[PDB]
Structure formats: structure tokens, C-alpha cells
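Asker: What shape does this take:
(2 chains)
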Amino acid sequence: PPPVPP
Amino acid sequence: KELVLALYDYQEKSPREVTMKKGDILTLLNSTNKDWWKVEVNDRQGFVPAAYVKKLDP
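Answerer: Numbers count the residues shown, from 1 in each chain, chains lettered A, B, ... in the order given. For reference, the structure is listed below:
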């Protein structure tokens, strides 16, 4: 899975 | 209605975010933010990461 956003 | 597919599970981490499971089909509400897309499932409207969904266009 990708990173979450900030 | 424009639709998006959940590519990965996402757990809500803030008040305006929605939880989805991988495979979920959601209504797209807004895709103007690069990082967060507004979606709709059931009686819920809120945000998920743009990278976790795919637009369902032929």
C-alpha cells in the first residue's frame, strides 16, 4: 500500500 | 455518478476521513486535491487518499 498523506 | 474502486484498505485517521475495504466501490464526489479525494459510501461523505482509489473509466 501507498503512504498516507500528511 | 462517477465511481472509484478501493485498491487497498484504508482506516480513517481524522474526522473527515472515511474507512473503506479493498474492493469497495465508492461514488467520487471530488478529485481536485492531489492527495485526498472526496468520496461517498452509504450515508457517509468524506476523504480517502487519492493513491488508494482508481477511477473506473473504460
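Asker: what's in contact with the helix or strand where residue B:37 lies?
Answerer: Assigned by DSSP states H and E, residue B:37 belongs to strand B:36-41. Contact partners of strand B:36-41, identified using C-beta atoms under 8 Å, 6 or more residues apart in numbering or on different chains, comprise A:5, B:4, B:18, B:20, B:24, B:26-31, B:45-50, B:53. Quick note: C-beta positions are derived from backbone N, CA and C, even for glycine.
Asker: how about 10 Å then?
Answerer: Here strand B:36-41 makes contact (C-beta atoms under 10 Å, 6 or more residues apart in numbering or on different chains) with A:4-5, B:1, B:3-4, B:6, B:16-20, B:24-32, B:45-53, B:55.
Asker: now swap in stretch B:50-58 and tell me
Answerer: A:1-5, B:2-10, B:20, B:22, B:24-26, B:28, B:31, B:33-37, B:39.
Asker: Any buried residues in it, and which?
Answerer: Neighbour counts using 16 or more other C-beta atoms under 10 Å in any protein chain shown place B:50-53 of stretch B:50-58 among the buried residues.
Asker: gap between it and the chain center?
Answerer: 9 Å (C-alpha atoms, centre = their mean, to the nearest Å).
Asker: go on, stretch B:27-41?
Answerer: Remark: stretch B:27-41 is offset 6 Å from the chain centroid, using C-alpha atoms, centre = their mean.
Asker: Dump it to PDB, restricted to CA.
Answerer: The C-alpha trace of stretch B:27-41 is given here as PDB (Å, rounded to 0.1, in the frame of the first residue of the first chain):
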ATOM      1  CA  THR B  27     -19.000   7.300  -5.500                       C
ATOM      2  CA  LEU B  28     -16.500  10.000  -6.400                       C
ATOM      3  CA  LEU B  29     -17.500  13.500  -5.200                       C
ATOM      4  CA  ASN B  30     -14.300  15.500  -5.800                       C
ATOM      5  CA  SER B  31     -10.900  14.900  -7.200                       C
ATOM      6  CA  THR B  32      -9.300  18.400  -7.300                       C
ATOM      7  CA  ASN B  33      -7.000  17.800  -4.400                       C
ATOM      8  CA  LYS B  34      -3.900  15.900  -5.400                       C
ATOM      9  CA  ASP B  35      -3.600  13.900  -2.200                       C
ATOM     10  CA  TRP B  36      -7.200  13.500  -0.900                       C
ATOM     11  CA  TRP B  37     -10.300  12.600  -2.900                       C
ATOM     12  CA  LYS B  38     -13.800  13.200  -1.500                       C
ATOM     13  CA  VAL B  39     -16.000  10.100  -1.800                       C
ATOM     14  CA  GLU B  40     -19.400   8.800  -0.800                       C
ATOM     15  CA  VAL B  41     -20.500   5.400   0.600                       C
END
